[PDB]
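Asks: Would you mind keeping the following structure in view while I ask a few things?
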Amino acid sequence: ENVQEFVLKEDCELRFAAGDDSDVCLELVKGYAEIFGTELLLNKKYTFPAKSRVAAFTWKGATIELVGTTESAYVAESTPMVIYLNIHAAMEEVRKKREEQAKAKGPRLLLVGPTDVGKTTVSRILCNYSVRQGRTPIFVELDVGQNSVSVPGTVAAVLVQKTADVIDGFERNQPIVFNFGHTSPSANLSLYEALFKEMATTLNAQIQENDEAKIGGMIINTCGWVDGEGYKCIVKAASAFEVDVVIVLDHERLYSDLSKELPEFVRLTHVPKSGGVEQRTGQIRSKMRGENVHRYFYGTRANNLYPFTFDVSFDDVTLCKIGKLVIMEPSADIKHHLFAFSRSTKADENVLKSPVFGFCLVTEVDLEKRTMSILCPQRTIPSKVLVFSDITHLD
Ligand SMILES: Nc1ncnc2c1ncn2[C@@H]1O[C@H](COP(=O)(O)OP(=O)(O)O)[C@@H](O)[C@H]1O
Ligand code: ALF
Ligand SMILES: [Mg+2]
Numbered sequence: 004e005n006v007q008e009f010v011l012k013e014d015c016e017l018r019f020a021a022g023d024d025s026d027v028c029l030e031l032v033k034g035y036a037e038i039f040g041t042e043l044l045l046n047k048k049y050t051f052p053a054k055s056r057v058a059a060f061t062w063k064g065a066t067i068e069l070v071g072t073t074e075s076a077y078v079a080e081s082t083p084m085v086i087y088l089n090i091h092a093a094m095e096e097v098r099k100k101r102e103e104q105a111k112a113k114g115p116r117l118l119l120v121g122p123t124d125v126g127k128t129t130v131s132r133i134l135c136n137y138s139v140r141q142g143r144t145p146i147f148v149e150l151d152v153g154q155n156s157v158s159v160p161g162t163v164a165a166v167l168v169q170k171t172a173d174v175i176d177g178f179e180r181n182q183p184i185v186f187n188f189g190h191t192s193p194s195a196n197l198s199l200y201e202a203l204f205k206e207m208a209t210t211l212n213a214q215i216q217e218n219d220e221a222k223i224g225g226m227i228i229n230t231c232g233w234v235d236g237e238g239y240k241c242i243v244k245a246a247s248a249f250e251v252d253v254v255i256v257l258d259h260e261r262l263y264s265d266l267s268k269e270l271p272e273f274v275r276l277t278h279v280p281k282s283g284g285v286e287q288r289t290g291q292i293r294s295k296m297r298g299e300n301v302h303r304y305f306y307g308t309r310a311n312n313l314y315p316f317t318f319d320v321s322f323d324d325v326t327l328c329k330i331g352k353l354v355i356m357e358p359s360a361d362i363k364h365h366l367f368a369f370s371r372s373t374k375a376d377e378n379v380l381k382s383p384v385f386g387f388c389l390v391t392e393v394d395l396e397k398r399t400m401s402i403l404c405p406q407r408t409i410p411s412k413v414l415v416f417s418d419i420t421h422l423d
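Numbered per PDB author numbering, the sequence shown spans residues 4 to 105, 111 to 331, 352 to 423.
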């Protein structure tokens, strides 16, 4: 209940972090402002939980109130927001040109760069800006570590029809989700690459049946792995998704290399990272993976989910594992692991390329009763083919 007031000139952003113990309430009291591309409503109170990192930007100028203990709060005057806006502008230009020559295929954009340069944040701003233009782009999440669509260990895609919630991020409206099963692509690089392609193939077939999605195009977020084998992932992602535009954030050498390698038709743009982007340690990142898993089952402060715990007979499910498909015996070592419900009706070669229904968490294993307790988003298992993930979570 301490109060801070901020006057933001045009093209300025208030960056703040909520206290370690404290909620911070933000209210726009004059003008117009947006948080990572989502417009703030005048006088609406936005409660951010402890440790939240937030940036509120304004094009024309704003006055903003914060109520609560903050670790840091300052106004920055020079951001790359204009750059990020012109990227959206050029995408929409491409949409119109292709519309006037047509079903029109929307432009596809790949965001690349090392850890903590703001690829996710920029993907969010671009998705929001497209929605505010009246478009429905497809957001494609290839980061199996820091995943904003599903649990970690997935490659996923979602049609974006609403701007992100300011506090909770995007609504996960019926995502297409593939179970990769690891927090980094180097754990099985060829499987990771096969999922890209199966994802790209699936999306190409789906947009055939939906013109809005088709002209919406794609914003594709990669992980921060740019060196060695990560570089080749970028080239194969570019190719498999047939991208028109590669945005490289804060990596001149990557940009140089990609310019010499990509098809000449590919427009490549190097842009700086924002001064507000925060370096995150392995610990913080591990904690964020845990909170992602937690959110998948329980939702948010704003939007609670109510997941079911029940027992499942080992005679009613087949547990399997990728690394080719192998059938698993119920064992004590599956405890705390995620399992994906495979859309594939049988435990065969189709599992590898099949998207999934969702996940459960194995909370207990009773070997003698031949049962396991699972946490599950629904009352009854949506599939009897359960695919192992190396991601674990103590609840
Ligand atoms: N302009 C900004 N102001 C404050 N925090 C930011 C800003 N841009 C990014 N961040 C934060 O910095 C962190 C890293 O950004 P992110 O987009 O997740 O990096 P990357 O996706 O490249 O790994 C995130 O916690 C994000 O919320
Ligand atoms: F998307 Al990153 F570090 F590159 F979370
Ligand atoms: Mg990211």
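By construction, the Cβ of each residue, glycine as well, lies at the ideal position given by its N, Cα and C atoms.
Cα separation between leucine 17 and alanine 195?
Replies: Position 14 of the sequence shown holds residue 17. Position 187 of the sequence shown holds residue 195. Using only the alpha carbons, I get a separation of about 39 Å.
Asks: Which residues does DSSP list as the beta-bridge partners of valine 120?
Replies: As a working mapping, residue 120 is identified with position 112 in the sequence shown. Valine 120 pairs with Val256.
Asks: Under the three-state reduction of DSSP, which class applies to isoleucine 355: helix, strand or coil?
Replies: As a first step, residue 355 is located in the sequence shown; it is residue number 327 there, counting from the start. Residue state, collapsed to three classes: strand.
Asks: Counting by C-beta, which residues lie closer than 6 Å to a heavy atom of ligand 2, in chain order?
Replies: Cβ atoms closer than 6 Å to ligand 2 belong to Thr123, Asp124, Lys127, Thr128, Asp151, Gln154, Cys231 and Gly232.
Asks: Might you give, ordered along the chain, the residues of its own chain that have their beta carbon closer than 7 Å to the beta carbon of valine 320, omitting 5 neighbours on each side?
Replies: Locating residue 320 in the sequence shown gives position 312, where the first residue counts as 1. Cβ neighbours of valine 320 beyond the five flanking positions: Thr399, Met400, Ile402 and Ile409.
Asks: Where does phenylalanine 273 land, buried or exposed, given buried means 16+ other C-beta within 10 angstroms?
Replies: By 1-based counting over the sequence shown, the position of residue 273 is 265. With fewer than 16 other Cβ atoms within 10 Å, it is exposed.
Asks: For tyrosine 304, name the three-state secondary structure that DSSP assigns.
Replies: What you label residue 304 is simply residue 296 of the sequence shown in a count that begins at 1. Helix, per DSSP.
Asks: Pull up the distance between the alpha-carbon of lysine 12 and that of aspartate 176, whole angstroms please.
Replies: Position 9 of the sequence shown, counting from 1, holds the residue named residue 12. Position 168 of the sequence shown, counting from 1, holds the residue named residue 176. Their Cα atoms are separated by approximately 27 Å.
Asks: For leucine 422, which three-state DSSP category applies?
Replies: As a first step, residue 422 is located in the sequence shown; it is residue number 394 there, counting from the start. If DSSP states are grouped into helix, strand and coil, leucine 422 belongs with coil.
Asks: For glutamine 169, report the span of its alpha helix (DSSP H) as first-last.
Replies: Residue numbering aside, residue 169 sits at position 161 when the sequence shown is read from its first letter. Careful: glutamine 169 lies outside any alpha helix (DSSP H) and carries neither H nor E.
Asks: Return yes when the C-beta of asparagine 196 is under 8 Å from any heavy atom of ligand 3, and no when it is not.
Replies: In the sequence shown, residue 196 corresponds to position 188, counting from 1. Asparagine 196: no, Cβ never under 8 Å from ligand 3.
Asks: How would you call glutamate 149, buried or exposed, if buried means at least 16 neighbouring beta carbons within 10 angstroms?
Replies: To locate residue 149, count along the sequence shown from 1; it is residue 141. Label assigned to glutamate 149: buried.
Asks: Tell me whether the stretch 135 to 147 and the stretch 275 to 285 touch, counting them as touching only if at least three CB pairs, one residue from each stretch, are closer than 8 Å.
Replies: The stretch 135 to 147 vs the stretch 275 to 285: no contact.
Asks: Here's the rule I'm using: 16 or more other beta-carbon atoms within 10 Å means buried, otherwise exposed. How should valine 85 be labelled?
Replies: Your numbering for residue 85 matches position 82 in the sequence shown. The residue in question, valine 85, is exposed, as its Cβ has fewer than 16 Cβ neighbours within 10 Å.
Asks: Going by Cα to Cα distance, which pick from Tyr304, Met356 and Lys222 is closest to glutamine 406?
Replies: Looking up residue 406 in the sequence shown gives position 378. Taking only the C-alpha atoms, the option nearest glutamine 406 is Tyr304.
Asks: Please report how far the alpha carbon of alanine 53 lies from the alpha carbon of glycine 71, in whole angstroms.
Replies: Here residue 53 corresponds to residue number 50 of the sequence shown, with the count starting at 1. Here residue 71 corresponds to residue number 68 of the sequence shown, with the count starting at 1. Approximately 10 Å between the Cα atoms of the pair.
Asks: I'd like the list of long-range same chain contacts for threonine 317, defined as Cβ closer than 8 Å, with 5 residues on each side in sequence excluded.
Replies: Position 309 of the sequence shown holds residue 317. For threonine 317, where only same-chain residues beyond five positions count, the Cβ hits under 8 Å are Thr391, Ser401, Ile402, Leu403 and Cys404.
Asks: Which residues does DSSP list as the beta-bridge partners of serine 75?
Replies: As a position in the sequence shown, residue 75 is number 72, starting the count at 1. DSSP, once it has assigned bridges, lists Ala20 as partnering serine 75.
Asks: Quick check: what's the CA-CA separation for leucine 313 versus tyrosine 306?
Replies: Position 305 of the sequence shown, counted from the first residue, corresponds to residue 313. Position 298 of the sequence shown, counted from the first residue, corresponds to residue 306. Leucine 313 and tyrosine 306: Cα-Cα distance of roughly 4 Å.
Asks: Can you round the beta-carbon distance between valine 413 and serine 372 to whole angstroms, since I take them to be within the 8 Å contact cut?
Replies: Your numbering for residue 413 matches position 385 in the sequence shown. Your numbering for residue 372 matches position 344 in the sequence shown. Indeed they touch by this definition, with Cβ atoms about 6 Å apart.
Asks: Taking the alpha carbon of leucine 117 as the point to measure from, which residue in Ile292, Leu266, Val251 and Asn181 has its own alpha carbon closest?
Replies: Position 109 of the sequence shown, counting from 1, holds the residue named residue 117. When only C-alpha atoms are compared, the closest one is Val251.
Asks: Is the stretch 92 to 101 touching the stretch 199 to 212 in the sense that three or more CB pairs, one from each, lie closer than 8 Å?
Replies: No, because fewer than three Cβ pairs between the stretch 199 to 212 and the stretch 92 to 101 fall closer than 8 Å, the two stretches do not touch.
Asks: What did DSSP end up calling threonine 50 once you bin it into helix, strand or coil?
Replies: Position 47 of the sequence shown holds residue 50. Of the three classes helix, strand and coil, the one that applies to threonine 50 here is strand, per DSSP.
Asks: For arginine 101, does the three-state DSSP call read helix, strand or coil?
Replies: By one-based count along the sequence shown, residue 101 stands at place 98. Looking at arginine 101 - three-state DSSP - the assignment turns out to be helix.
Asks: Roughly how many angstroms lie between the CA atoms of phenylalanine 385 and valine 185, to the nearest whole one?
Replies: Taking the sequence shown and counting its residues from 1, one reaches residue 385 at position 357. Taking the sequence shown and counting its residues from 1, one reaches residue 185 at position 177. Cα-Cα distance, rounded: 8 Å.
Asks: Verify whether the separation of the beta carbon atoms of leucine 119 and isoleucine 255 is less than 9 Å.
Replies: As a first step, residue 119 is located in the sequence shown; it is residue number 111 there, counting from the start. As a first step, residue 255 is located in the sequence shown; it is residue number 247 there, counting from the start. Yes.
Asks: Can you look up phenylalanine 204 in the DSSP assignment and give me helix, strand or coil?
Replies: In the sequence shown, counting from the first residue as 1, residue 204 sits at position 196. Helix at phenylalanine 204.
Asks: Is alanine 310 a contact residue of ligand 1, with contact defined as CB to any heavy atom under 8 Å?
Replies: Against the sequence shown, residue 310 aligns to sequence position 302. No; taking the cut-off as 8 Å, the Cβ of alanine 310 has no heavy atom of ligand 1 nearer than that.
Asks: Inspect the CB distances between the stretch 29 to 44 and the stretch 165 to 182 and report whether three or more fall short of 8 Å.
Replies: They touch, by the three-pair rule.
Asks: Would you say the beta carbon of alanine 58 comes nearer than 8 Å to a heavy atom of ligand 1?
Replies: On the sequence shown, position 55 is the one that residue 58 refers to. Within the cutoff, so yes.
Asks: Taking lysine 113 as the reference, which of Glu68, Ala221, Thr123 and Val166 has the closest Cα?
Replies: For the purposes of this step, residue 113 is identified with residue 105 of the sequence shown, where counting begins at 1. The shortest Cα separation from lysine 113 among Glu68, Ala221, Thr123 and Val166 belongs to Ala221.
Asks: Mind pulling the beta strand (DSSP E) runs of 3 or more residues that sit fully within the stretch 353 to 423?
Replies: Correct list: 353 to 355, 365 to 370, 384 to 394, 399 to 404 and 413 to 420.
Asks: Quick one: what does DSSP say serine 192 is sitting in, helix, strand or coil?
Replies: The sequence position of residue 192 within the sequence shown is 184, counting from 1. Note: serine 192 maps to coil in three-state DSSP.
Asks: Taking 7 Å as the limit between beta carbons, can you name the residues of its chain near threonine 191, skipping five residues before and five after?
Replies: For the purposes of this step, residue 191 is identified with residue 183 of the sequence shown, where counting begins at 1. Around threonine 191: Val152, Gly153, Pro160, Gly161, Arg297 and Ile419.
Asks: Apart from the five residues just before and just after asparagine 187, which ones in its own chain have a Cβ nearer than 7 Å to its Cβ?
Replies: Within the sequence shown, numbered from 1, the residue matching residue 187 stands at position 179. If we look at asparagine 187 and ignore the five residues flanking it on each side, its Cβ neighbours are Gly161, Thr162, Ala368, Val384, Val415 and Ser417.
Asks: Does ligand 3 have even one heavy atom less than 8 Å from the beta-carbon of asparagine 300?
Replies: Position 292 of the sequence shown, counted from the first residue, corresponds to residue 300. Outside the cutoff, so no.
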